[PDB]
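**Student:** Quick one: the structure is below, questions incoming.
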Amino acid sequence: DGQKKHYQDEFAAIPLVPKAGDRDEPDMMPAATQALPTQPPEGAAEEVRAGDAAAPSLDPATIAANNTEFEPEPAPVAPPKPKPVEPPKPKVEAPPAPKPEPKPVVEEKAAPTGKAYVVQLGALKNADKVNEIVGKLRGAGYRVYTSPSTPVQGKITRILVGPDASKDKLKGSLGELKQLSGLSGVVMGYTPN
């Protein structure tokens, strides 16, 4: 019981450096009733006891914003001004003659079913047209699937190339996927059902 613990409540990483480190409680688990006479107020709660609020005021969602999709404050990536993202000058959709295996993708990556990805080339309510788009790609043996519930005539059927749960594997592949499918596909995050 001190007026100054040290700086915040320490419990993690206390190699016998503080007097006790672990806060000696007056009544709850370490003894009962009078376990801690308590001459200075110590902490009690005050307002911010320990894990109170603990919420970034600037960042609404650090795990969603920030470097997740490049969010710079000093130099914001505003649309105007022509800026490339390292164009395929040395090689433009060059098909690897040998198949490279930089660590088998038998891991999660992004997350299984969580942060999956898919490339939407089309979306139409005419299944006749659906059969073409899928017939072009899936018929050629590419990983091609359609909108969540069911392709049907009259309802919107989206056509998506490259269903995969590995964003790293697949979402980095979109550049060469324009060779793989060659259809006009937009980057969409896949959430299986």
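How things are named: the first chain in the structure tokens is A, the next is B, and so on; residues count from 1 in each chain; ligands count from 1 in the order shown.
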Got a sec: who's within 12 Å of stretch 64-76 of chain A, counting only C-alpha atoms, leaving out chain neighbours fewer than 6 positions off, as number ranges by chain?
**Tutor:** A: 58, 110, 115
**Student:** Please extract the residues of chain A with a backbone DSSP assignment of strand (DSSP E) and present them as JSON, numbers by chain.
**Tutor:** {"A": [116, 117, 118, 119, 120, 121, 122, 123, 124, 144, 145, 146, 157, 158, 159, 160, 161, 162, 163, 164, 186, 187, 188, 189, 190]}
**Student:** Convert the current residue selection to file output with C-alpha atoms, as an mmCIF file, in the first residue's frame.
**Tutor:**
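out-v3.cif, written as the output of this step:
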data_model
loop_
_atom_site.group_PDB
_atom_site.id
_atom_site.type_symbol
_atom_site.label_atom_id
_atom_site.label_comp_id
_atom_site.auth_asym_id
_atom_site.auth_seq_id
_atom_site.Cartn_x
_atom_site.Cartn_y
_atom_site.Cartn_z
ATOM 1 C CA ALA A 116 -10.413 -15.182 -47.491
ATOM 2 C CA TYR A 117 -10.287 -13.515 -50.896
ATOM 3 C CA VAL A 118 -11.880 -13.828 -54.345
ATOM 4 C CA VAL A 119 -11.666 -11.947 -57.659
ATOM 5 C CA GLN A 120 -15.032 -10.896 -59.116
ATOM 6 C CA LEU A 121 -14.921 -10.666 -62.931
ATOM 7 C CA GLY A 122 -18.626 -10.395 -63.557
ATOM 8 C CA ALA A 123 -22.076 -10.094 -62.020
ATOM 9 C CA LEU A 124 -25.286 -10.557 -63.973
ATOM 10 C CA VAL A 144 -13.870 -20.304 -60.515
ATOM 11 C CA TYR A 145 -16.970 -20.012 -58.428
ATOM 12 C CA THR A 146 -20.068 -17.910 -58.278
ATOM 13 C CA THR A 157 -24.924 -14.115 -60.164
ATOM 14 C CA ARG A 158 -21.420 -12.873 -59.494
ATOM 15 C CA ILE A 159 -18.480 -14.646 -61.111
ATOM 16 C CA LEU A 160 -15.345 -14.942 -59.025
ATOM 17 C CA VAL A 161 -11.926 -16.307 -59.879
ATOM 18 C CA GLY A 162 -9.479 -17.592 -57.359
ATOM 19 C CA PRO A 163 -11.526 -18.505 -54.279
ATOM 20 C CA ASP A 164 -9.018 -19.024 -51.528
ATOM 21 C CA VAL A 186 -12.022 -6.726 -58.802
ATOM 22 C CA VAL A 187 -10.378 -7.567 -55.498
ATOM 23 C CA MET A 188 -13.011 -8.732 -53.009
ATOM 24 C CA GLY A 189 -12.647 -10.346 -49.630
ATOM 25 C CA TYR A 190 -14.126 -13.823 -49.539
#
**Student:** Excluding same-chain residues fewer than 2 positions from residue A:37, what lies within 10 Å of it counting only C-alpha atoms, as a list in words?
**Tutor:**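 Everything that qualifies: residues 1, 25, 26, 33, 34, 35, 39 and 40 of chain A.
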**Student:** Would you work out the distance separating atom CA of residue A:134 from atom CA of residue A:182, expressed in Å to one decimal?
**Tutor:**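 The value is 12.7 Å.
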**Student:** Going by DSSP on the backbone, which bits of stretch 53-183 of chain A are helix (DSSP H, G or I)? Write them as a ChimeraX atom specification, please.
**Tutor:** /A:66-68,127-140,167-171,174-180
**Student:** Of the candidates A:51, A:166, A:93, A:147, which one gets nearest to residue A:106 if we count only C-alpha atoms?
**Tutor:** A:166
**Student:** Residue A:104: which residues within 12 Å, counting only C-alpha atoms, same-chain residues fewer than 4 positions away excluded, as a list in words?
**Tutor:**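 My list of contacting residues is residues 99, 100, 108, 109, 166 and 169 of chain A.
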**Student:** May I ask which of the residues A:153, A:141, A:32, A:148 is the closest one to residue A:181, counting only C-alpha atoms?
**Tutor:**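 That would be A:141, the residue with the smallest distance to residue A:181.
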**Student:** For the atom pair atom CA of residue A:9 and atom CA of residue A:42, what is the interatomic distance in Å to one decimal place?
**Tutor:** 10.2 Å
**Student:** To one decimal place, how far is atom CA of residue A:45 from atom CA of residue A:8 in Å?
**Tutor:**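 Answer for the atom CA of residue A:45 to atom CA of residue A:8 separation: 11.9 Å.
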**Student:** I'd like the contact shell of residue A:7 - 12 Å cut-off, only C-alpha atoms, skipping same-chain residues fewer than 2 positions apart - returned as a list in words.
**Tutor:**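 The neighbour list is residues 2, 3, 4, 5, 9, 10, 11, 18, 21, 42, 43 and 50 of chain A.
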**Student:** Might you pull out every residue within 9 Å of residue A:92, with only C-alpha atoms counted and same-chain residues fewer than 3 positions away left off, and present them as a PyMOL selection string?
**Tutor:** chain A and resi 87-89+175-176
